[PDB]
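Heads up: the structure comes next, in structure tokens.
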There are 2 protein chains.
Amino acid sequence: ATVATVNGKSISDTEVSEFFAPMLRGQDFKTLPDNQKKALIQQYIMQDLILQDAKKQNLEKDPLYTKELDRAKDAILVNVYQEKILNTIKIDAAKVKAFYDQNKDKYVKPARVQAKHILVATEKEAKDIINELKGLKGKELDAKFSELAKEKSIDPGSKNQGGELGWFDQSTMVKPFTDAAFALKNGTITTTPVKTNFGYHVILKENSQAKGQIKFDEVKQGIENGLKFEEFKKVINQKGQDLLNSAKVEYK
Amino acid sequence: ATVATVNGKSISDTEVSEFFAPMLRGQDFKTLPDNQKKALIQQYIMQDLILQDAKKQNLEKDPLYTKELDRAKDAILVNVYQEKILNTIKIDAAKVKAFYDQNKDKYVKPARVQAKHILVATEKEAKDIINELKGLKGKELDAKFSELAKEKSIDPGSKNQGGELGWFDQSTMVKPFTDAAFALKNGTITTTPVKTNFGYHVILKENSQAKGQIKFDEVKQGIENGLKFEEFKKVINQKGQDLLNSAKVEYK
């Protein structure tokens, strides 16, 4: 249908609609409010008049045009070709499931701990802190700990924050520290100094999170996307092989 | 020159070179190492064979091709048109200079201070801290300050970091705090409590930076780019006006 005429010539809703369809992302031109339709019609007419003026200035013979049009024409055909190939790719339920089942033990959230620490240079300093805190529990142990860390900790990274280290996993830090911190019960301190390259630590564990299993439903779309893409690449490279072999090719 | 033949047909270095010129970003095909040339020739032959296969499958009549080619053809012409317009745009030295001179007082780096503070709830607590620090100077004033902030400051945002606030300007915070902190000399404290909505502060100023003038040479390219772009938009929109007026347009 004709939504405008320009120097006598009809502009359809069809051509306006097709021009803007990329930008509309699936919303149909016809469903826009009258004033949005009108703005898009104006914009399209302006595009149309710039085209007429460009031809009037013979810009279709400009090599900036013909060379880029040659390029676009080849690139669009190659893309349509690879798109027909993409449309033959389907991963059935069983492959998706089968990939999950095969990798089940890698679809996990790793165990974490939330802890504070106090660092000091000497085994005996660490025992004395341990002493000062012996027999205390819960939020009282926590407050006193942090106060001791601010007071006596030699770790510049945390001393000021009451020894806070936040949540962390086993990948994160040195095993001997990691070992003691995973072994503790929540709300408790290392009753023996932990020895590292940094010195002697006292650790207070606030919380823990056990290794968690990720479920198939959580990851299945991701698995499918990744299998489709791998399959697409295999089919495309195979094709690229059939065509090359097939041809007689000499390098000069 | 012929770098390969494919089923008898010659492939020039010219067409390979033109195909990859976008990706080469100005480096000439001819200057690449032999093994890079060869890989690009292979890639180009593969592109060529996919084109031949696409035509064999009649994909040039596919509407996924013809409709996108119609779109590309219009979009490239419009771009060549606006590119010829872009090429007529020049800002002479005098406009660039003139814009700088006109806005000289906005091309400045604002004054900054680097300070610590201690916050307490009561004017008298603030005087007593001021007391404890009276008569101290330099790095000794600094250490004692930070220790007092850790000890007695009621600001959770900084208390733990010895009251550190880092570098900040006048836009950043409440004027009454800002006022006192800009007035101080480096290495000194507010000898009178500063009153805000948060309570009573003692401020130690570590450093200052005076308002700095940005020089023409620092900003001149930026000014030019921005003037060229504004001018481009003016010329393009004017054009868009000449064309529209010029036409006889009826909206249905």
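Note that each Cβ is placed from the backbone with ideal geometry, even for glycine, and that neighbours are counted across all protein chains shown. Laboratory data are not the source of any read-out in this text; all were calculated from the coordinates shown.
Summary of values
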{"item": "Most to least packed among B:240-246, B:71-77, B:1-7 [average Cβ atoms within 10 Å]", "result": "B:71-77, B:1-7, B:240-246"}
{"item": "Hydrodynamic radius (Kirkwood) for chain B, which is based on Cα pairs only, to one decimal in Å", "result": "26.3 Å"}
{"item": "Spatially proximal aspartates and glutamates relative to A:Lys84 (Cα-Cα < 17 Å; intrachain offsets below 8 disregarded)", "result": "A:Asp74, A:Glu230, A:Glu231, A:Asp242, B:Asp53, B:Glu60, B:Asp62, B:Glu68"}
{"item": "Burial order of peptide ranges B:210-217, A:219-226 (average beta-carbon count within 10 Å, highest first)", "result": "A:219-226, B:210-217"}
{"item": "Tail beyond 27 Å, pair distance distribution of the range A:24-158 (Cα, percent)", "result": "70 percent"}
{"item": "The range A:52-126 and the range B:9-79: distance between their alpha carbon centers, rounded to Å", "result": "23 Å"}
{"item": "Over chain B: helical MRE at 222 nm, DSSP H runs n ≥ 4 each giving -39500 (n - 2.57), nearest 500", "result": "-18000 deg cm²/dmol"}
{"item": "Teacher prompt: B:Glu230 distances to equivalent labels in other copies, 7 Å Cα→Cβ, nm", "result": "5.6"}
{"item": "Shortest-first distances to equivalent copies, position B:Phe198, nm, label 7 Å out along Cβ", "result": "2.9"}
{"item": "Among B:146-157, A:108-119, the order from most to least packed when residues are scored by Cβ within 10 Å on average", "result": "A:108-119, B:146-157"}
{"item": "Dimensions (Å) - the range B:1-61, Cα atoms, principal axes, largest first", "result": "38, 25, 17"}
{"item": "The range B:115-252 - Rg and Dmax from Cα coordinates, angstrom", "result": "26.8, 86"}
{"item": "Average beta-carbon neighbours from other chains, 10 Å sphere, peptide A:78-91", "result": "3"}
{"item": "Pseudo-label separations to other copies for B:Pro110 - Cα-to-Cβ vector, 7 Å, nm", "result": "4.3"}
{"item": "Isotropically averaged projected area of the protein assembly as shown, using the convex hull of Cα atoms (one quarter of hull area), nm²", "result": "40.6 nm²"}
{"item": "Most fluctuating residue given options B:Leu59, B:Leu32, B:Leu133, as computed from a GNM of chain B linking Cα atoms under 10 Å", "result": "B:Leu32"}
{"item": "Fully extended contour minus Cα-Cα distance, from A:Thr66 to A:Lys185, at 0.36 nm per residue", "result": "35.4 nm"}
{"item": "Choice from B:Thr188, B:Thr88, B:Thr14 showing the highest fluctuation, given a GNM over chain B with Cα pairs closer than 10 Å", "result": "B:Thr14"}
